[PDB]
Amino acid sequence: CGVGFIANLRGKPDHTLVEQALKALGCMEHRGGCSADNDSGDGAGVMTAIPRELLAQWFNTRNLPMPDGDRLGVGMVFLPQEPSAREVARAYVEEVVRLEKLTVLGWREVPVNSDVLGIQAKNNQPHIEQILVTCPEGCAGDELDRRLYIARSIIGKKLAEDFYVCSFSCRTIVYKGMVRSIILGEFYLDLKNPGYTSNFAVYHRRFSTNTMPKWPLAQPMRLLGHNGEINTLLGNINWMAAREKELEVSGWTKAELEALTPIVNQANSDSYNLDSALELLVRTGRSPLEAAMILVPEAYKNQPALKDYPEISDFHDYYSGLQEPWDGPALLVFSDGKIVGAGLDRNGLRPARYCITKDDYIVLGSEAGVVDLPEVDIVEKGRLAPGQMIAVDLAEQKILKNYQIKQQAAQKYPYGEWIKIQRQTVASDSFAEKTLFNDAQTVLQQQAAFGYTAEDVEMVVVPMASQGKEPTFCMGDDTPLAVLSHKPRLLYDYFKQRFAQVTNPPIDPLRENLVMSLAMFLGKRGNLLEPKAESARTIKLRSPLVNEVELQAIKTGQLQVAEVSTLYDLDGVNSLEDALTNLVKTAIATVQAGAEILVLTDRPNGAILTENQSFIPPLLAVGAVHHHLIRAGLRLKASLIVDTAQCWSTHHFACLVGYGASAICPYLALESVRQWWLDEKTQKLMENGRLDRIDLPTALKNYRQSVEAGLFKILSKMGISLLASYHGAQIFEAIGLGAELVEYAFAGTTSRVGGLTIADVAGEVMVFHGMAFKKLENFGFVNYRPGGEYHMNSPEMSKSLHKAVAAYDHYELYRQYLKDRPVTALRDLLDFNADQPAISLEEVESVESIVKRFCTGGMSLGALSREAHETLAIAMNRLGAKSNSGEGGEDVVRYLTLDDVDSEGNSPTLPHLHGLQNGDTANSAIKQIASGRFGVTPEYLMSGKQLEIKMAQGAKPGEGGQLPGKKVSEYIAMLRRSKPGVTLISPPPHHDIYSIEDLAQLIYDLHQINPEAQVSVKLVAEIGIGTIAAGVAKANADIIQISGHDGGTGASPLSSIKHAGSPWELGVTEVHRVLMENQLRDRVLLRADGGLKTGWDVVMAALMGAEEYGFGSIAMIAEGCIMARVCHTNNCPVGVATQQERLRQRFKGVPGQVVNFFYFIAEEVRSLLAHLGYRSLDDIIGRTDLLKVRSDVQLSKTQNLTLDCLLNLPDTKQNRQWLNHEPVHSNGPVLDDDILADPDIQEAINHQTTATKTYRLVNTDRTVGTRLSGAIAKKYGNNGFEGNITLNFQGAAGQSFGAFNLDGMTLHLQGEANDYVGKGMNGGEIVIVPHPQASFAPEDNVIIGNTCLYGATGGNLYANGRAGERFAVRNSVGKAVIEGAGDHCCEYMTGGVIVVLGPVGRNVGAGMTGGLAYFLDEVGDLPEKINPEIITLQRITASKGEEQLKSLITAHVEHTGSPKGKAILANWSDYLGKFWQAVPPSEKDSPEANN
Ligand SMILES: Cc1cc2nc3c(=O)[nH]c(=O)nc-3n(C[C@H](O)[C@H](O)[C@H](O)COP(=O)(O)O)c2cc1C
Ligand SMILES: O=C(O)CCC(=O)C(=O)O
Ligand code: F3S
């Protein structure tokens, strides 16, 4: 979406501002989407003041007196088209208006031109009228809008696509519709009426994830226009709804508040709910600014900018206890008709740029280019940094800046005094060291009974306590889903973590930890509407993990505490179900008796579980009491603490909090740590072979630190900062839980496959009871064991495949390893139901044809040896299929076809490979673009047939790629332009992609540089992918990859491998269905991966809607992988997943073997087609009617699954045209096409001549220069061009100006630019300066946006002005001089040189591992703004450093004329001492940092 506002402070209200708003909307068209007719819009709208001059004509025609402005209520209403229905609706509106004691003056038919609408919107269009209203008692202004708000809320009980009030106010009105931006004013005649005047406008252009427009869903809403995505919505809704029955404020009756009723509803969009909640806050006595501060609070902790504003910190300190953030990316633009303003989310994940004139005229929007004001009278160009706001007081004619706004709200009450007196904090650095139990026999028995398994303590708890981090592992989750397993599992294992992809970004829990918090508040939640001292009475925790000391301190504390047992007797009468019934009833009664904290314990009275008792699993207990308290209207009366033996992993703590726990005492987990440390084997080891750097207090501290780190990780996967927001929210998908159970304890969680009843979960806990009543059982779970859990991959299976394939049987032995499998994946429950007789094999399409659909897929050159990586590429190219350069870039030597193969199959070009032939090429057909951008060079991008944007992989979907430092050889460091020994943890998000429109921008950038390459987007299966994928299709992607939770990895957290991501069957099927239903299916080819091994797997994936098939782990096995599962270790025995030269030499593996593998699978596909009676894969894709449930399958834990999710797909027997795709989608006409068509430019490219051209630019001119870069790179590579092209531009540049710039290209821009300037720049020069007529001091003003130089591998940028956040984010070799920046300057920088001649925001140098930066700090507060994890700050001492800085500023002055640079150079000696130099420990001994 695009959004913004314009305000005329000092001039008379006019039509010009309205025209400007419509033009601004037009400049934001690329930020919105269109319906299936490619004509109707997802939404465009404007909010303005009431057009009094226009409405006067209506009063005149009627000979009616017109009331004063603050006395005339106007309702803009969408009504039914059908006349009889329209009159029932009208009568209802009038009826409620009368009930508010208001008078209906009449109705105005709104003049429209329906013939400009797209066909779907035209079909959809409501009948649009305005109701005119007054108060005969004389109410006006605030009170009138209050009564209209009440009226709106009552009328809104009958919401329909057909019956909706857009606005009802005496100050504001909204004109909106399902239109493209330039259509809005052609549809509403009022908007082009010169009599329409307004002192402000809020405009919005919508991007939706569907193709079926509904008019009420355009924006603005009543108060707010919203760009972003709420990532905690289910939680935010649940908490707010729980407030509804108890609402109380001065100035309001109980009955009026009751009329507002459902403030929030999960049926409605995030935007609708936010508008509603925010208006409730406004209309009960806050400004919209204060409302937004409470609902979407700043990350106020560790904010140096708040040093002189203690009251602002106090405000948030207070509200932190009352209201969790409605988190996720957001630019909010809103108006009262009194104030108009804007604010960002805590992380500033949407852009907001603004402009102020000499007359205090102000323009703010998603992009800077957007209103043409005389450049000469602009007095400031600014932006909103994270959490910031800006506003206008219309009556006062005043612009209000960030901290002025917040201080005024904060000073209303003595928030801090209240906290001082009322709040209790519980925290303890010490643990209890005395053991709970004395017999290790007791400890072991309790462990067994509560579900601890040998690997649980050995592979999970012990590493957490001994290392202080959760464990890393490798390869995929090879095992049956918990519901399909014959092994006992925990209720936790049925819940998969949800995560962010495309529609909102993950955040970085390490680099941007400063923005996150695990703090929690215990006790009753106060009145949100009426601030009082009482509401600060709480117990604050710094962490949800409460140790024995902290638990006792809580039990004492100032709040009423009650213990509630989760145990019950096994008396042959009690069941888990009535124990649950009793639990819930007890909890309610206990809360009714005044308990403010409930401790749900499986150790009541401090007594141990016996053989005569069982327990309610803590996740079941907490979920049940959480939801039943909600149902009882008691949820805000108390907090829940889980005191449980069944909690030890990172995933456990997250599930517990996600479903209602404020805090957890994991008493058996702590006891497990104690007993491990106090084990003579451990004590004896420490005397030599384990780190005895660990006394008991350190082991315990390490354990807790591991859990806390793991919680930050899980939150960040979804982009969530505060545990308080995660607490209500239910950021999971359940797999294998029945509807009845889900409704009882996990209401609102999707669980698409049915499954477990309450009785089934009890049966499962009883398996562990029977094991408990010498050592814990080791099940198969992490690594294959002879009698353990089944793994799809194992060494023996692997060895028979490799020998079958090297032979030219071994394959039949391999084939039966697979068929003897227990049920493992969802597809295992299905079988074929043919609708046609079998045909003969000779009729079926050839193996050569089928193999074209196969992809090997992106395994990085760091994770794999070049031997294993290149071998795959040669094999896929021989096949006419595709391989993928995962996220480590690619060696340029591979771009060329092999010429020099001898008769033994060896090539001097790639001498480490074997079994080659002269036609061969190791070029990866698919080139990957991942968040780290390591590969990412113009030549690299031109070498791809296809380009893949990797949003997530199945093994670790919330997170970035991971390459252990030991595997970063000099070779890898060269490819990646990073530092040899250094661990690469890639950013979780693309800093390029914080929304669907930002993804559309990256796809545009890729189509720009390489218009012939298809662009794919790699997603991971989870509920919500369908919606996401519809967006991706609207964003002009050519392909969508769906990856299963299943897939391999060279290194990932073990928790992520086991707990995050869903089956591909669910993903492929959901995406296929959603695309077909939106009529978007023809727009994209669908590819699938995750545990694909076999022709049968391929046929199953085909039936579910996949057209292409990816293979990772299995392809590695074909090359000799023996499933050692030490990939993350660098010790691969077989030279596949290692960089060690001497292990690489062991690599046997020839392209011919993997060729043979794929022919085997394709032959299997042919036998299956013949059986089904079809000639071709093309005939069966999406034919889910050929699937049936297998009758020979009986599940261990439950009766059956529900598989409608897989079977109920749209009919595809007859309608198959969606299989026909356009070769590659176009960007449409682009300025670079005109540049490239110019004969002088063609001459400069082809003859390497000098050329210069000059052009006017506007914000809709995106990615300029980039198509020319691609053309040069295609011909000359990155460094071959000897020509010289200078392009001069004037105006406001759109997104991605100078992306992928190369040597020989000079881009000059006079004006300003939007985000991503020089994205992936490789060479040349970009120079950005203000207009000559600009009067402001350039160094004090924004000229460039966010994420500039992202992943740059070379080049120089000179900008005479300030940048936004993440300047030089992941810079590898770019150089730049700028005059100031927002937050996170140089964030993942590994090289190059950055000079900032002005103030910078906080979090400087987070993850900066190489390169140098120089910061001019004339204030003296820079040391407070550094991220101290890696870089050191020092004054310039080395003469080489001084000369490097001086040369760059001298260049900056020559290019720019920078007045600031000139002043520095004129007084060099005075300014030198005010610079700080940022030095990572790779640069400590460089001459420019040392000596
Ligand atoms: C060794 C290894 C390294 C991988 N590295 C990447 C990476 O560079 N980028 C990426 O998108 N996926 C990466 N993945 C995931 C694969 O692209 C693919 O999605 C996965 O292997 C498919 O599942 P499968 O192994 O069961 O066939 C890697 C997988 C493994 C096996
Ligand atoms: O090589 C990289 O940087 C990422 C690869 C990765 O995370 C994986 O092996 O799954
Ligand atoms: S599992 Fe990994 S360590 Fe080697 S043998 Fe296979 S690549």
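Cβ atoms come from the backbone with ideal geometry, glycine included; neighbour counts cover every protein chain shown. Here, each number is a calculation from the coordinates, and none is a lab measurement.
Quick notes
- Across region 1229-1491, the mean sequence separation of Cα contacts (distance under 8 Å, 6 or more residues apart), normalised by length, yields a relative contact order of 11 percent.
- Remark on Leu400: its backbone amide H falls under 5 Å from those of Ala391, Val392, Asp393, a criterion applied only to residues 5 or more positions apart or on other chains, H modelled at 1.01 Å from N.
- When the square roots of the Cα gyration tensor eigenvalues are ordered a ≥ b ≥ c, the ratio a/c for region 1376-1430 is 1.5 or more and a/b does not exceed b/c, which makes its shape oblate.
- Peptides 774-780, 2-8 ranked from most to least packed, by the mean per-residue count of other Cβ atoms within 10 Å: 2-8, 774-780.
- Net charge, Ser565 excluded, C-beta distance under 12 Å - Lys, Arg +1, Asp, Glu -1: -3
- For the chain, the square roots of the Cα gyration tensor eigenvalues, ordered a ≥ b ≥ c, give a/c below 1.5, which places it in the rounded category.
- Here the sum of -39500 (n - 2.57) over DSSP H runs of 4 or more residues, divided by the residues of the chain, equals -9500 deg cm²/dmol at 222 nm, to the nearest 500.
- Residue (of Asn63, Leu510, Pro80) at the positive-pole extreme of the chain, dipole from beta-carbon charges: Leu510
- Separation of the alpha carbons by more than 28 angstrom is noted, of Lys717/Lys1274; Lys1274/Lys1440; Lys927/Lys1375; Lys1375/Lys1462; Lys852/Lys927, for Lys717/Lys1274; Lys1274/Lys1440.
- Three-way shape call for region 1229-1491 based on the alpha-carbon gyration tensor, with the a/c threshold at 1.5: prolate
- Under the criterion of Cα pairs below 8 Å and six or more residues apart, the relative contact order for region 1299-1368 equals 35 percent.
- A cut-off of 5 Å between modelled amide H atoms, ignoring neighbours fewer than 5 places along the same chain, links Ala352 with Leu384.
- Only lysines eight or more places from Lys524 in sequence, or on another chain, were considered; those with a Cα closer than 28 Å are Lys245, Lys254, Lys301, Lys406, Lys412, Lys420, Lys532, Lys540, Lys555, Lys585, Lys637.
- Once the Cβ-Cβ distance of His810 and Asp1234 is raised to the sixth power relative to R0 = 56 Å, the FRET efficiency obtained is 0.40.
- Pairs beyond 30 Å (Cα-Cα), from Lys803/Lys1197; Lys956/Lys979; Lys713/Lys950; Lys1034/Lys1253; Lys882/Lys1275: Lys803/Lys1197; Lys1034/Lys1253
- Whole-angstrom gap from region 681-703 to region 36-55, using each part's C-alpha centre: 68
- Restricting region 810-869 to trypsin sites (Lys or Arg not before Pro) that sit in a DSSP loop and have at most 14 other Cβ atoms within 10 Å of their own Cβ leaves nothing.
- Sorted peptide list for 915-921, 1299-1305, criterion being average Cβ within 10 angstrom, highest first: 1299-1305, 915-921
- Separation of alpha-carbon centers, region 1001-1026 and region 255-293, rounded to whole Å: 37
- FRET efficiency, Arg821 to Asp1485 (Cβ-Cβ, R0 56 Å, nearest 0.05): 0.50
- Residue-wise HN-Hα couplings along region 1254-1259, as the Karplus relation 6.51 cos²θ - 1.76 cosθ + 1.60 with θ = phi - 60° gives them from phi, are 9, 9, 7, 10, 10, 4 Hz; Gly and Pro carry x.
- A simple charge model with +1 on the Cβ of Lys and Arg, -1 on the Cβ of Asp and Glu and nothing else charged puts the dipole of region 1229-1491 at about 200 debye relative to its Cα centre.
- Cα centroids of region 862-917 and region 1449-1464: 48 Å apart.
- Loop-located trypsin sites (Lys or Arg not before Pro) across region 1378-1451 with a Cβ neighbour count of 12 or fewer within 10 Å are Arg1435, with loop assigned by DSSP.
- Around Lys585: net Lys/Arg minus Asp/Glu count, Cβ-Cβ under 14 Å: -1
- Estimated vicinal HN-Hα couplings, Hz - region 1426-1438 in sequence order (Karplus 6.51, -1.76, 1.60; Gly, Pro = x): 7, 8, x, 4, 10, 7, 10, 9, 8, 5, 6, 10, 6
- Neighbours of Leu898 by Cβ distance under 13 Å: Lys/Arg scored +1, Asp/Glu scored -1, total -3.
- The phi-based Karplus calculation (6.51 cos²θ - 1.76 cosθ + 1.60; θ = phi - 60°) puts the 3J(HN,Hα) values of region 1130-1137 at 6, 9, 2, x, 10, x, 8, 10 Hz, whole numbers, x for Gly and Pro.
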